[PDB]
Amino acid sequence: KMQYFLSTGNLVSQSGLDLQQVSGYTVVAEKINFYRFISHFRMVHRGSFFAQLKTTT
DNA sequence: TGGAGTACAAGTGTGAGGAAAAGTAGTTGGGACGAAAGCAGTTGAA
């Protein structure tokens, strides 16, 4: 079940964590060059809830 | 100066033992990209 989280990114939880989305939690570490690869690890994301908003604040 | 009993061995049927590497007997491990807008016929009660 932990592999299913890491294979899809879908968060199945009977509680619901304190988080506001249920998907996209894991990405593919690409190796097309090293700059692509090292910058997956310095990358941070605001949340997928904010990708659907029309406000640019 | 003949017979009555008799242990030592030559000699004859019954089954019972011996073994192994093939198979099979019960437990445990393990298999399984969507929280969009002004708007309209029906439809709320006045």
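No hydrogens, no waters, no symmetry mates; every other heavy atom, side chains included, goes into these values. Chain naming here is simple, since letters A, B, ... match the order of the sequence lines and numbering starts at 1 in each.
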Could you pull out all donor-acceptor pairs under 3.5 Å where a side-chain atom in residues 10-19 of chain A meets a protein atom, sequence neighbours excluded?
residue	atom	partner	partner atom	Å
A:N10	OD1	A:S23	OG	3.2
A:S13	OG	A:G16	N	3.1

Is the count of non-hydrogen atoms from other residues, nucleotides or ligands lying under 6.0 Å from A:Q3 atom CD greater than 12?
-> no
Members other than A:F50 in its cluster, when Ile, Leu, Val, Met, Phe, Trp, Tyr link by side-chain heavy atoms under 4.5 Å?
-> A:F49, A:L53
Which donor-acceptor pairs under 3.5 Å do the side chains of residues 35-47 of chain A make with protein atoms, sequence neighbours left out?
residue	atom	partner	partner atom	Å
A:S39	OG	A:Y35	O	2.9
A:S39	OG	A:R36	O	3.2
A:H40	ND1	A:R36	O	2.8
A:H45	ND1	A:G47	N	3.0

